[PDB]
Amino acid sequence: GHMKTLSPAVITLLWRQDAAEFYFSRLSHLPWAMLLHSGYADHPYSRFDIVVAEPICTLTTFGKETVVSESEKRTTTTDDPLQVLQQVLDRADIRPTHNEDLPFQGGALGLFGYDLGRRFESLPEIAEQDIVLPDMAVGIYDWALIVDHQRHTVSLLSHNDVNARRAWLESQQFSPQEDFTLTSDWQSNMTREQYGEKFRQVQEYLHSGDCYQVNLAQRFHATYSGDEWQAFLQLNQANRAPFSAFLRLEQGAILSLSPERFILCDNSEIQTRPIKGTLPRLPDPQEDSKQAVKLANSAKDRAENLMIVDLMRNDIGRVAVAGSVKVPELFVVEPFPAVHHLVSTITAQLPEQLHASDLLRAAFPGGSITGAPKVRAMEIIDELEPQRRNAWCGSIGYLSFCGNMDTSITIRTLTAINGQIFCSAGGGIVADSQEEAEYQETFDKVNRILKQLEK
């Protein structure tokens, strides 16, 4: 009677390439409206855009406390937030089978902030907590809009009354607000001199054997006015990043232009695609082809990338079926508008007794944006970075009622809150790193985003 294993009801809407931005426009002002967008990227893992809004349940974690909210019921718990999330998903009594064309069939979608990692490891409290935005902000959705760029289909799915959800969607009208403007210049949380001091402290730990690689980040801040959704439309077109997202939260807006997949769980097949290695795009196409070859063959970058491959094998290996961990791709160069990135691919299999949420708990946060060994690297990041990372270098994604999951690393991600906008940029520090080159690489990764928003 109650438990539902039945596939959701689906209405096919009109195909249009811009279907996700078109429909999301009318929802973008609503708390718990969320968009996962493939950035219109020419990319092997650019297939789906996903739209949700009007959750049946929400989970908000700030430190030790998770608030679970349903229509007329609010519960507070100090339990493991991913165990709480799994329990809430289970209690929805929606259990559809895997569908290759609908990777999210309802379920959980939202933000896992970097500081959620403090729930899984004991970390120091040196860096300042100056952004009040949840460590976890996840909605539970019994419907979704799926845009499939491979099949050119827009599917509206619902576990309830799909025709009522379609009527609700076509009843929302896009009333556009003032365009986005930055109302100050960008300022960093550190001078060139402070960056240098931190860099040199990382080198001391590398030589003492405390760590082998540390992701050290600075943060850009400006004031802004106007509509964050209009900024996202400009940025999405310029960035063409396959793990992009727009989250409207109760507290503010997350604008993600991430090119990076963290963890996919697709019918129990695990994939992670760490990005480790960067060079700027060059304007001369002959020079730029040379640049891609230089990255692929760089001894420094292949060392850093190998380390994070071995680390991601370990993180996935905490749960993977014995013998299932493989590296099908090592050191592939992917071009993005601003930069070439060096990417590797690790795969595995999830055991039947475990959940995607258990895989997320085992691995979070990404080795690619912390370092090795990970706990020591996160201790050093907290010691040297002046502020907590909050939403930046966490993950955005979904845990489908079918068991599927996909998550990003929130690099190239802006936090827009209380008329303040934040954008961070980091890089792997290793023994061969140079202080000035690593400072400059942080600017290389976000300069195009900072400059697009400045006019």
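For clarity, a rigid core is taken as the largest C-alpha set superposing within 1.5 Å between two forms. The first residue of the shown sequence is 1; numbering continues from there.
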Checklist line | Between 202-210 and 343-351, the one whose CA atoms sit farther away in 5 other deposited structures of this protein (rigid core aligned) | finding: 343-351
Item checked: Between stretches 267-275 and 362-370, more displaced by Cα RMS in 5 other deposited structures of this protein (rigid core superposition) -> 267-275
Checklist line | Unmodelled in at least a third of other entries of this protein, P283 | finding: yes
Next item on the list: Note whether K294 lacks coordinates in a third or more of the other compared entries that model its flanking residues.
Entry: yes
Item checked: Of 246-254 and 181-189, the one with larger mean CA B-factor -> 181-189
Next item on the list: Return whichever of 289-297 and 212-220 has the greater mean Cα B factor according to the PDB record.
Entry: 289-297
Check: Of the choices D142, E260, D161, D358, which one's C-alpha carries the largest B-factor in the record?
Finding: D161
Notebook entry, point to check: Per the entry, which of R273, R118, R200, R376 tops the list for Cα B factor?
Noted result: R200
Check: Relative to the other modelled residues in the chain, which third contains the C-alpha temperature factor of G419: lowest, middle or highest?
Finding: middle
Margin query: Split into thirds by Cα B-factor across the chain's modelled residues, where does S38 land: lowest, middle or highest?
Written below: lowest
Next item on the list: Going by the recorded CA B-factors, say which third of the chain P31 sits in, lowest, middle or highest.
Entry: middle
Notebook entry, point to check: Should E228 be placed in the lowest, middle or highest third of its chain by the C-alpha B factor in the entry?
Noted result: middle
Checklist line | Entry-reported Cα temperature factor of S69, expressed as the chain third it lands in | finding: middle
